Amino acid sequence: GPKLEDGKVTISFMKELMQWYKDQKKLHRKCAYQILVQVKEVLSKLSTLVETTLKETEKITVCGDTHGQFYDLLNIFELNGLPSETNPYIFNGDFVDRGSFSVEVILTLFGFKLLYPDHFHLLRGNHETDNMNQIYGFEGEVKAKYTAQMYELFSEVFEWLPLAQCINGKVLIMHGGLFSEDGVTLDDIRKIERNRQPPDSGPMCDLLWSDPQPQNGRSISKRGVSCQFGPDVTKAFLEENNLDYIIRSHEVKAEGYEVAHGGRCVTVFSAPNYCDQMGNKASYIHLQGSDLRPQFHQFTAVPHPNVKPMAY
């Protein structure tokens, strides 16, 4: 079984872990525990807004929702290469729920965050919250594989996940989207005290829950919290904060991505054939320091073991 080397994640352990998980085996509770406490410490020290500089020769890969589709997560790393200092990643929330290999996804992602803390980035989604985990399978999965106490620890680690990432002061990445009120700025995002369950309304809620709409202005959300926001909302926010565009995730898309609001609101979704039912393609994005324009890479689902969606 995979073991830490002097209580630390190594590239060797991560390879063993991914193979262990491919073969439907469980990471020992002590190792899971250690990954969680160590990554909690890493994440707790980060700003709510992660601000990353991408030099002219450097690239980054942005992935959207993964939703416990562990075998598709491995496929991303086979198509795009494993994470490293020279192949950095952002995973933009919704790692868990729906898919029945959520534990394997999230421990794999936290492992890589510990191995490459400055080059492997995790942003919180609305599915990294208690109400979602309780309904949509992650709580059950953690209780089935480990204990109720292990779940409380996951919840507490999720609370320290940052809420957005800004690349070169120009691309802003969040899970959900923009805001239900006008005049919200990067300063406000930086100052969100994020170690909690999201409020019923406010900036923290919007970052996890909001959705673009084609028509101008805002609308009440079909989801019951946050809002739908139009092209004029995006345009104004970006002009006021000196940004080029936003990358969001949150929603399933048939092509794995959507380019909305005149090129200014991009969706990226990385869970192909969502819940073994939707038949959508997935995508990941490349960005370069010399060119911040998104390059999309589409991909289709790979086989996984016979465990149905939402089993837990």
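A residue's number is simply how far along the shown sequence it sits, counting from 1.
- Taking only CA atoms, the mean B-factor in the PDB entry is higher for 128-136 than for the other of 128-136 and 74-82.
- A summary of the deposited B-factors shows that, of 243-251 and 25-33, the stretch with the larger mean C-alpha value is 25-33.
- When the Cα B-factors of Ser100, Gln165, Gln215, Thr108 are read from the PDB record, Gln215 comes out highest.
- Of the candidates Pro199, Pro117, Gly176, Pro88, the PDB record gives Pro199 the highest C-alpha temperature factor.
- The deposited CA B-factor of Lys55 belongs to the highest third of values across its chain.
- Residue-level temperature factors show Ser210 in the middle third of its chain, judged at the C-alpha atom.
- When the modelled residues of the chain are ordered by their C-alpha B factor, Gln277 lands in the highest third.
- Residue-level temperature factors show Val39 in the middle third of its chain, judged at the C-alpha atom.
- In the PDB entry, a CA B factor belonging to the lowest third of its chain's modelled residues is recorded for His67.
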